[PDB]
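J.: Residue numbers (UniProt numbering), protein chains in the order written: chain X, 599 to 657, 765 to 771; chain Y, 33 to 125. Structure incoming, see below.
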């Protein structure tokens, strides 16, 4: 999805309080595809945001019919 | 005085399709009348056409386009090619 935090929002469905097993995420990305750019753009929107959040918490012709 | 019409240019074309067919004056008046109209009908719209795009000089494209506005379908495809050929023949020499 073109929204990484929504991707983050969705993934943690099973990884919360009460999860008694290891959460094993398997994202499907198509090789040699445009999906490669979305994820890179998804990373682009991710890192423009994570960098500051981490600082915040720390500080035809002639064919007539007729 | 001298008043002009199209019958002579008609009559060569007549002889181009029917080289041995006559035509009455009542008919010849009809063609002179007929051709004058068909000129006029397109002539206006293409003029209008220029106004529509705020452009200020009539070209063959507008004529081309204007013909597409009037003539039905298959015939339009014919003449537009013939319009295409002649200018190409004209522009080439």
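Quick reminder that beta carbons are idealized off the backbone N, C-alpha and C, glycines included.
Would you tell me roughly how many angstroms separate the C-alpha atoms of residue 640 of chain X and residue 657 of chain X, rounded to the nearest one?
T.: Taking the first residue of the first chain as 1, we reach residue 640 of chain X at position 42. Taking the first residue of the first chain as 1, we reach residue 657 of chain X at position 59. Spanning the two alpha carbons is a distance of roughly 26 Å.
J.: Which whole-angstrom value describes the C-beta separation of residue 78 of chain Y and residue 98 of chain Y, a residue pair presumed to lie in contact below a C-beta threshold of 8 Å?
T.: Your numbering for residue 78 of chain Y matches position 46 in the second chain. Your numbering for residue 98 of chain Y matches position 66 in the second chain. That pair is a contact at about 4 Å.
J.: Using the beta-carbon count (16 or more within 10 Å), is residue 602 of chain X buried or exposed?
T.: Counting from 1 along the first chain, the entry for residue 602 of chain X is found at position 4. With 16 or more Cβ atoms within 10 Å of its Cβ, residue 602 of chain X is classed as buried.
J.: Residues of the region 101-113 of chain Y with a CB closer than 8 Å to any CB of chain X: list them in chain order, please.
T.: 106, 107, 109, 110, 113
J.: Are the C-beta of residue 769 of chain X and some C-beta of chain Y separated by less than 9 Å?
T.: On the first chain, residue 769 of chain X is found 64 positions in, with the first residue counted as 1. Yes - at least one Cβ of chain Y is within 9 Å of the one on residue 769 of chain X.
J.: Determine the direct distance from the alpha carbon of residue 609 of chain X to that of residue 624 of chain X, and round the result to whole angstroms.
T.: Here the question's residue 624 of chain X lines up with position 26 in the first chain. Here the question's residue 609 of chain X lines up with position 11 in the first chain. Going by the C-alpha atoms only, they are around 10 Å apart.
J.: Does the beta-carbon of residue 94 of chain Y have 16 or more other beta-carbons within 10 angstroms, so that it is buried, or is it exposed?
T.: Position 62 of the second chain holds residue 94 of chain Y. Classification of residue 94 of chain Y: buried, given that the 10 Å Cβ count is 16 or more.
J.: Residues of chain Y with CB under 8 Å from residue 766 of chain X, in chain order?
T.: Position 61 of the first chain holds residue 766 of chain X. Correct list: 109, 110, 113, 114.
J.: Beta carbon of residue 64 of chain Y, beta carbon of residue 42 of chain Y: below 9 Å?
T.: For the purposes of this step, residue 64 of chain Y is identified with residue 32 of the second chain, where counting begins at 1. For the purposes of this step, residue 42 of chain Y is identified with residue 10 of the second chain, where counting begins at 1. Yes, the pair counts as a contact, with Cβ atoms nearer than the cut-off.
J.: Do residue 115 of chain Y and residue 92 of chain Y have their C-beta atoms within less than 9 Å of each other?
T.: The residue labelled residue 115 of chain Y in the question sits at position 83 within the second chain. The residue labelled residue 92 of chain Y in the question sits at position 60 within the second chain. Yes, the Cβ-Cβ distance between residue 115 of chain Y and residue 92 of chain Y is below 9 Å.
J.: For residue 81 of chain Y, does the count of other Cβ atoms within 10 angstroms reach 16, so buried, or fall short, so exposed?
T.: Here the question's residue 81 of chain Y lines up with position 49 in the second chain. Buried, because 16 or more other Cβ atoms sit within 10 Å of the Cβ of residue 81 of chain Y.
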